[PDB]
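1. this one's structure only:
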């Protein structure tokens, strides 16, 4: 999204997995190899979205 219109932004990419890598979730915990499909808390991990 922020880097380029991808992930949550469908328009500027293809295969609409809304966690792709960056987006925002990268910083807000992680998306990139952390969340699977969408940019949303899936796993707690420990940091940021603490359980």
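-> Received the coordinates, thanks. Numbering: from 1, shown residues only.

2. Name the residues that touch stretch 18-38?
-> Stretch 18-38 is contacted by residues 1-3, 6-8, 13, 17, 39-43, 45, 47-49 when judged by C-beta atoms under 8 Å, 6 or more residues apart in numbering. All C-beta spots, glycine's among them, are computed from the backbone N, C-alpha and C.

3. Mark which of those are buried, thanks.
-> 1, 6, 7, 8, 17, 39, 42 (16 or more other C-beta atoms under 10 Å).

4. Give me the subset of those lying in helices.
-> Among these, no residue falls in helices (DSSP state H).

5. What strand or helix carries residue 46?
-> Secondary structure assignment for residue 46, by DSSP states H and E: no helix or strand.

6. Next, count neighbours for it.
-> Around residue 46 there are 9 other residues, counting by other C-beta atoms under 10 Å.

7. One more: residue 23?
-> By the criterion of other C-beta under 10 Å, residue 23 has 22 neighbours.

8. same deal with the one 5 residues further on?
-> For residue 28, the tally of surrounding residues (other C-beta under 10 Å) stands at 14.

9. quick revisit: JSON lines for the buried ones among the contacts of stretch 18-38, including distance to residue 24?
-> Compiled in JSON lines, those are given as follows (distance: C-beta to C-beta, whole Å):
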{"residue": "1", "distance to residue 24": "6"}
{"residue": "6", "distance to residue 24": "12"}
{"residue": "7", "distance to residue 24": "8"}
{"residue": "8", "distance to residue 24": "8"}
{"residue": "17", "distance to residue 24": "14"}
{"residue": "39", "distance to residue 24": "6"}
{"residue": "42", "distance to residue 24": "14"}
